[PDB]
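Chains as they are written, first to last, in the authors' numbering: chain F, 4 to 156; chain D, 4 to 156; chain A, 2 to 34, 61 to 439; chain B, 2 to 44, 47 to 360, 369 to 437; chain C, 79 to 202, 211 to 268; chain E, 79 to 202, 211 to 268. Structure, as structure tokens:
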Amino acid sequence: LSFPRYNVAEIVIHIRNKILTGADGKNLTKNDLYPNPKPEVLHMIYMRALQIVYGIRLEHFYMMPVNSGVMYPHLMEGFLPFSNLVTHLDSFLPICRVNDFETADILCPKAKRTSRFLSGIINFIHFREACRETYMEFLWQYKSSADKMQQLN
Amino acid sequence: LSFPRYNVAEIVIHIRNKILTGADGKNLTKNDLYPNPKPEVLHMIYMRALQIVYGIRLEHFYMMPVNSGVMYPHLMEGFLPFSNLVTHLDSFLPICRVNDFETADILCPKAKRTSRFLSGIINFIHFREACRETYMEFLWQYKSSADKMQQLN
Amino acid sequence: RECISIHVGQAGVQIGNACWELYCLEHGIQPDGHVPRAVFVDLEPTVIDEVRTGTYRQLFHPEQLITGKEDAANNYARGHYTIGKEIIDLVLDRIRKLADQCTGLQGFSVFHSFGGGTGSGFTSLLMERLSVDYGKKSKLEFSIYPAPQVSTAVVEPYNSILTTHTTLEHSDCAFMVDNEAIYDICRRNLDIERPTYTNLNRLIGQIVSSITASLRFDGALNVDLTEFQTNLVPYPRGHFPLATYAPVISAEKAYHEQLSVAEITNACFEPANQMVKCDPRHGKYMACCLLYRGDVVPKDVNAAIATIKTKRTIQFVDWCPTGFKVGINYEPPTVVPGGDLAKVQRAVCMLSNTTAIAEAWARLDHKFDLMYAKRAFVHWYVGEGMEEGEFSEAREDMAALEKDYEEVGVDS
Amino acid sequence: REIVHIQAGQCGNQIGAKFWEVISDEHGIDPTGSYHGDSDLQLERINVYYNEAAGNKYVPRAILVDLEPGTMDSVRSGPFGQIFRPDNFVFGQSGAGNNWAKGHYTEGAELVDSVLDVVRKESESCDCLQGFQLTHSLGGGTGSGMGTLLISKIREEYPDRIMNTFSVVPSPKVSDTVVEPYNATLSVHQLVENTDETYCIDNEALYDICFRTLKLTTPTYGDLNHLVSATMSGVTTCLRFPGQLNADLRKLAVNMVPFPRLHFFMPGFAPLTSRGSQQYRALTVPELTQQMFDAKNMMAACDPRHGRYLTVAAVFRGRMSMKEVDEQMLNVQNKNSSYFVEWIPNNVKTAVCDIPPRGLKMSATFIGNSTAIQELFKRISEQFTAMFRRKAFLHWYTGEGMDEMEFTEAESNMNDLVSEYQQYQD
Amino acid sequence: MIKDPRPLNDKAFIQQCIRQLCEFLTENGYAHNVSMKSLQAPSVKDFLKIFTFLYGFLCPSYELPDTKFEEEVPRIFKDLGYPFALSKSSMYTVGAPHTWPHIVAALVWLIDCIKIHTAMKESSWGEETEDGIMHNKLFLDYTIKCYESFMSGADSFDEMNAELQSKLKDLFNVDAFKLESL
Amino acid sequence: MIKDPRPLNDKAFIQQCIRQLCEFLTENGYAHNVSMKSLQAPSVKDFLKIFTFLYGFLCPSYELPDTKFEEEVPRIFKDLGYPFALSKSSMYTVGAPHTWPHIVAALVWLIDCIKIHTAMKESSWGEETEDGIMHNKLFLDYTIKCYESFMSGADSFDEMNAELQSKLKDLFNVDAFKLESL
Ligand SMILES: CC(=O)O[C@H]1C(=O)[C@@]2(C)[C@H]([C@H](OC(=O)c3ccccc3)[C@]3(O)C[C@H](OC(=O)[C@H](O)[C@@H](NC(=O)c4ccccc4)c4ccccc4)C(C)=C1C3(C)C)[C@]1(OC(C)=O)CO[C@@H]1C[C@@H]2O
Ligand SMILES: Nc1nc2c(ncn2[C@@H]2O[C@H](COP(=O)(O)OP(=O)(O)OP(=O)(O)O)[C@@H](O)[C@H]2O)c(=O)[nH]1
Ligand SMILES: Nc1nc2c(ncn2[C@@H]2O[C@H](COP(=O)(O)OP(=O)(O)O)[C@@H](O)[C@H]2O)c(=O)[nH]1
Ligand SMILES: [Mg+2]
Ligand SMILES: [Zn+2]
């Protein structure tokens, strides 16, 4: 556990810039992340982050597993986003260099731990931007050479 | 974002000279472009600009897309000019060196941004005039040589 | 040992001036004697001013008289949220400044008028801020809930479905005295079509004297405030018993005064004498606290009650073997020198939780819907820091108060 | 608490003289004199309408707005006329033309700033402001136009304090003007969207109520005015008195307006018996509700019996039994369940002051919010169209810088206002 | 655009409107739960969430300013070309019995704008300019190309002129070994 | 999610609920003895042991804070997405006659969450990103790989770039001896 790159104030600015949008970001303030984080604010951030990186939509957070066998499916949709959110964060946070993520982090967030997580995400997000540039440059190079193919046949 | 060539006062004079006509230009004043721009004044300017450059008419701003499937077509004509205006400005402003144009620019204009846009248009308009001279000179040369053809056959 | 009191709302203040009157009257402490032990809150100055201009003028400290020159507003929202808020701090301060000065207190007898602006709203958060600052005490709120057909305010229910839901999770025992059902007593059991508010007040001003005053006063069968809530509430819902008095005979007309216990106790269960339009239409009692005062022989009681326990037509809840807290005091009642109260040498201020209110709440809830169903005066609250939430979500609240008062009874 | 009266136009002005003629006596304030008050209670709450300067000079805190000198110069040259501080007189020596447009857009619009100026000097007087009283007639320039502007500005300056409006809606049978529906429809429009309590009085609903409920054979204007002023005293000032159950503008507002339009009421006084004879004293109470709730006796033109009620506020002011009051109200609510709307379990808002009208034993102001007033805006709205259609005297408006879409606007608005009100009659 | 063609006081039409709104919200991932039931008399707070959502399809990432919505919402409907004025007082009571029919109607009209605007982002000529240009599609191509060069610091336009002459030879069969070979 | 679809005041349904709870506890090694009988009106102390057990399936090694359970338990049901509010006073009287039906119902709903969450730990795509990425599954692979290198102190990304180009040649048949052999 190194020190988080950013304190809460900086973290808000990076989330506004890179993760949240319009009203959502404008509403985001220090006091809903520290000293006690509003789990539903983190939910939105963690969810939007996943959407951006994995190209995934709100609808995907409402997928019901097939071998659940619950008696009232419609009564369970409040829980689905949590369950899915957790399943994906399991895969994503290790990428952002966070290995000790737990379900209680969503249900009952702690100030320091969640500021460590948001830094790791924000860091990774800055890096994939750098990679995007390199990637899109290669992509433009190959889909332009596939055009000079049909323009030559 | 460099600095706009012109401030609001100069911008009015260039719009009178090069874009608006008669009453329309005579009515145009600083205070309807700054500090809060009258969106319906900008609508007229942006529209006339497009007409001049693309050779397009008022009627073209009332074209209804075929796969819209609205229930009351006649109730929608107030919106059509906006939608079309936006679709064309998408293509035109990049030419005038403006890449960050957004729908809110028409619906809810800001002083500085719209003075940047009007400068870019006014600049381009001065340049195509210079090109017109060169072009019309070449055009006169070739349609005059196509005449010395039928005058020789 | 003590029990502070917070009279909120013009009414709770009028009733306050009254209950406060009866007091000194039976304690030999004229206009200017000791020092009260309560406070007065209102967002309309002119009313608390009446305590500042009229009788019992100097028996109070301009410190236990809180006012908000501003506006009352017969609307919960404004009184609770928006305006009422500004004063609360200050209000509390006294019930924290007056709560300190004492010696091991027991609670705060709150006096409010359910369907008002300063009475419903404000208190809502006053009792609210108390349940947290002194969860370790008694919160018996003495209310004057909405006349069954003779309401006043046009909105009344809005204000009373809202004071109930917000206070419910904060009170210990809520006493209830129905303004209209008290008139009947003034028409049928005292005869007078000229009942000034100043009378109903003398009445509750009586039934109340039987609660605190005399009880906190030595006797042959003392009953502490805690005692109540314990022997009186079967369940956490700030349960609301009903107040009833026995010798409500006229000090002019008839005169059979000498009505031995055996009589005055039977006169409590007949529905036409209970300061509440909740006639035991079916409501099974589930606990009664028979507070007697004056010359009473414990056997007389432990017999007069026995006779009752076997009248059956008085059906008590199932899960309740015996629900009769016999409270005996010494000093007989003390009637106003020349009002209209008989003046007997023994009385029975019996209060109780009756599955009856299943009604009263019902009939008051229904009211609400009708209007909410059309939003009626809703814009008056919204524009006062409330939302479709607080209403709809306080309606659902009472809903489970119609089921609660239904389940705890009618079933075995 | 406090309020600041507003005498817009001549009428609204003429009435000012009567509203203050009364109120003062109901507060022991002689011309320039002080408080001669027979009692000591008519003083602890005066502030609501005056200001402390000298020590014997409590000056009415109202505004006198008018574009016709002669008027205010008749009110200022007569009886109580010399109690208003000159600063109060916001005149407009211009041509007070009878055009709504001439007193709302062209002529009045100028005199406005010099008014708001004072309406602020008075508001920022002291203590806490409650609202402003507004008198005027919706059948003229300085009344409907300029006064309807005064409020549109007031309601932008303090969307918190209330706004009671006393309008003299154009009487039916005969119109004391010609464009009337023009000046009217245009002012009601402004009303339905700024003031939040309007008490509509009808010069002919008064005559009637004044020539048959007061065998009075020569009902001069002074009278009508006097009767009206009698009601507006029961309303405000009154409630600023003690009472077993007192209310105040807001209560009145927060109990009477189910839906934000603002809705207009119809005031009714209690003891309305002819002098000598009639002095029957049948005023135990059933006699007052008998009164107040009958058709005739409603200062409005329309008859309640022609449409349910949404709210009612019997603001009584004279020692009585909260029982014989609270009770009566009920039977009344049951004998007429028919018209009293149902989705409001207790339409009636019983209010009870203590001290009564100086010389009387028991009175009770009535403020009804009945759906019946639908059949009045209808009237007005009709007159408009029948003449708008031909643009009758429209050149006097447009020629004053108006719009052909302005008239359209108002009518519709106020016309829709009729619609809505029916949404409850059903 | 003057008199509303719509049956605003027909229950079925207002019910149809609510259905369209409900459907649209659900099918476009609106974050809060909605139902035919929940949309009969929405709170102002709800309406503003719904309006903000819909308008965001036109103005991405839009939030309404924190005060003066009663002025803003009507202004926006006006600037979008809504033929019918929405009053300031409508805005305070949007969910009210005689008001919601007008407002739901307005929202559904907005939804229709979204549809029009979304189709427009697929498919919806001027060969001569009104300042004397003939073959404007050729001139614009020329002019644009010159501008890019100019904007790159170029002083002359030989590449562009040369290309313009190539195309002008093809538009009127003419050169040198043609006009003088004759 | 608004009005409860469940027959909470049907004896059989509440009995069914108790059975499910009893079964679940017994079959998952709950340390204390339970029976249909012992679960008709549990003590608050019991309820808290049962709740703590169930919730521990979601939050491993969870213990409820030593005070303010009446606030905590409801908060947790809210944060888990339980459609129905559980009142503070419910919590003090969980086992009471008119209360247990709501609470047992809530516990069984929680058990259903556990089931959903356990299935989710087996099985339950996005090929394009909303910031302009095409073939996101290829980009993410590339990006992740670059990150590991970077996080190892690497300054350049030749290995990763080379591998990216291999895959881009296969995605659009194109190279050098193809584009110039023609
Ligand atoms: C000897 C005696 O008792 O005389 C009465 C009287 O005869 C009657 C007929 C009065 C009389 O009123 C009228 O004749 C009248 C004239 C024009 C318009 C309206 C009414 C009276 O003039 C009116 C006067 O009213 C008051 O004093 C109130 O305080 C009243 N004051 C004024 O209207 C007022 C008049 C002049 C100057 C200043 C104030 C009031 C009412 C409500 C709110 C505030 C004030 C009263 C009781 C009487 C007389 C003097 C004959 C009545 O009216 C009122 C408003 O009380 C008319 O029916 C009632 C019944 C009264 O018994
Ligand atoms: N017994 C009794 N009931 C009263 C008394 N005063 C008012 N009430 C009743 O209490 C309710 C009136 O509340 P209001 O006086 O309107 O208001 P408030 O509760 O004082 O507070 P505000 O609305 O802000 O003025 C009605 O139901 C009255 O019948 C009184 O002195 N005694
Ligand atoms: N009750 C009443 N109505 C009046 C008085 N004066 C004029 N009116 C009415 O007001 C209308 C005329 O408007 P007016 O007051 O002359 O307008 P303005 O003076 O130009 O603002 C007519 O319907 C009259 O009956 C009055 O003193 N009392
Ligand atoms: Mg009060
Ligand atoms: Zn006797």
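C-beta: ideal position from N, C-alpha, C; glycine also.
{"Query": "Looking at the structure shown, is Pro97 of chain F part of a helix, part of a strand, or coil, going by DSSP?", "Result": "helix"}
{"Query": "Whole angstroms are fine: how far does the CA of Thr177 of chain E sit from the CA of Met169 of chain E?", "Result": "9 angstroms"}
{"Query": "Quick one, which of B:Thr221, B:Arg320, B:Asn350 has its alpha-carbon nearest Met332 of chain B's?", "Result": "B:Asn350"}
{"Query": "Can you have a look at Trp187 of chain E and say buried or exposed, based on whether 16 or more other CB atoms are within 10 angstroms of its CB?", "Result": "buried"}
{"Query": "Is the number of C-beta pairs between the region 107-122 of chain D and the region 226-233 of chain C that are closer than 8 angstroms three or more?", "Result": "no"}
{"Query": "Report yes if the C-beta of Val171 of chain B is less than 6 angstroms from at least one heavy atom of ligand 3; otherwise report no.", "Result": "yes"}
{"Query": "Could you tell me which chain C residues have their CB closer than 9 angstroms to the CB of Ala26 of chain F, listed as they occur along the chain?", "Result": "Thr130, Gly134, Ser139, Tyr140, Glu141, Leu142"}
{"Query": "What is the rounded straight-line gap between the Cα of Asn258 of chain A and the Cα of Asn249 of chain A?", "Result": "13 angstroms"}
{"Query": "Does the region 381-397 of chain B touch the region 297-308 of chain B, meaning 3 or more C-beta pairs lie closer than 8 angstroms?", "Result": "yes"}
{"Query": "From the beta carbon of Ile59 of chain F, is the nearest beta carbon of chain E less than 7 angstroms away?", "Result": "yes"}
{"Query": "What number of angstroms, rounded off, separates the C-alpha of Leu142 of chain E from the C-alpha of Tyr133 of chain E?", "Result": "10 angstroms"}
{"Query": "For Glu214 of chain E, list the residues DSSP reports as bridge partners.", "Result": "E:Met220"}
{"Query": "Closer than 6 angstroms to a non-hydrogen atom of ligand 2 - does that hold for the CB of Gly412 of chain A?", "Result": "no"}
{"Query": "Mind listing which residues of the region 152-179 of chain C have their C-beta closer than 8 angstroms to chain D's C-betas, in chain order?", "Result": "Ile154, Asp157, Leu158, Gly159, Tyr160, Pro161"}
{"Query": "Using a Cβ cut-off of 7 angstroms (strictly closer), state whether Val260 of chain E contacts chain F.", "Result": "yes"}
{"Query": "Per the DSSP calculation, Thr168 of chain B is bridged to which residue(s)?", "Result": "B:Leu137, B:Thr201"}
{"Query": "So, does the region 154-170 of chain C touch the region 181-198 of chain C, judging by three or more C-beta pairs under 8 angstroms?", "Result": "yes"}
{"Query": "Run down chain B in chain order and give the residues with a C-beta less than 8 angstroms from the C-beta of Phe149 of chain A.", "Result": "What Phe149 of chain A touches in chain B: nothing, since even the nearest Cβ is about 15 angstroms away."}
{"Query": "When DSSP labels each residue in this structure, what does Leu368 of chain A get in the three-state scheme?", "Result": "strand"}
{"Query": "If you measure from each CB to the nearest heavy atom of ligand 4 and keep those under 5 angstroms, what residues do you get, in chain order?", "Result": "A:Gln11, A:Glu71, A:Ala99"}
{"Query": "Report whether the distance from the Cβ of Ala233 of chain B to the nearest heavy atom of ligand 1 is below 6 angstroms.", "Result": "yes"}
{"Query": "What did DSSP end up calling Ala65 of chain A once you bin it into helix, strand or coil?", "Result": "strand"}
{"Query": "Answer yes or no: the CB of residue 440 of chain B versus the heavy atoms of ligand 3, is any distance below 6 angstroms?", "Result": "No answer is possible for residue 440 of chain B: the residues shown for chain B start at 2 and end at 437."}
{"Query": "Give the straight-line distance between the Cα atoms of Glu183 of chain B and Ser392 of chain B, rounded to the nearest whole angstrom.", "Result": "11 angstroms"}
{"Query": "Within the structure, which residues are defined as neighbours of ligand 5 by a Cβ-heavy atom distance below 7 angstroms, reported in chain order?", "Result": "A:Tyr282, A:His283, A:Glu284, A:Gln285"}
{"Query": "Leaving out five residues before and five after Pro179 of chain E in sequence, what residues of the same chain have Cβ atoms less than 6 angstroms from its Cβ?", "Result": "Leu86, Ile92"}
{"Query": "Check the DSSP bridge columns for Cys200 of chain A and list the partner residues they point to.", "Result": "A:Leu167"}
{"Query": "Any chance the CB of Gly143 of chain A is under 6 angstroms from a heavy atom of ligand 2?", "Result": "yes"}
{"Query": "Could you say which of B:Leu275, B:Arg64, B:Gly13 lies nearest to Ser374 of chain B if we only look at CA atoms?", "Result": "B:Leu275"}
{"Query": "Counting Cβ pairs, one atom from each stretch, are 3 or more of them under 8 angstroms apart for the region 94-103 of chain B and the region 47-56 of chain B?", "Result": "no"}
{"Query": "Which chain C residues sit within Cβ distance under 7 angstroms of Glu431 of chain B?", "Result": "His176"}
{"Query": "For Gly81 of chain F, which residues in chain E fall below 8 angstroms Cβ to Cβ?", "Result": "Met79, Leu158, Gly159, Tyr160, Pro161"}
{"Query": "Is it the case that the region 350-369 of chain A contacts the region 21-28 of chain A, given that we only count it when at least three CB pairs across the two stretches are under 8 angstroms?", "Result": "yes"}
{"Query": "In or out: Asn30 of chain D buried (at least 16 other Cβ within 10 Å) or exposed?", "Result": "exposed"}
{"Query": "Please find out if some non-hydrogen atom of ligand 1 comes closer than 6 angstroms to the beta-carbon of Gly38 of chain B.", "Result": "no"}
{"Query": "Which same chain residues, not among the five before or five after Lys394 of chain A, have their C-beta less than 7 angstroms away from its C-beta?", "Result": "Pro184"}
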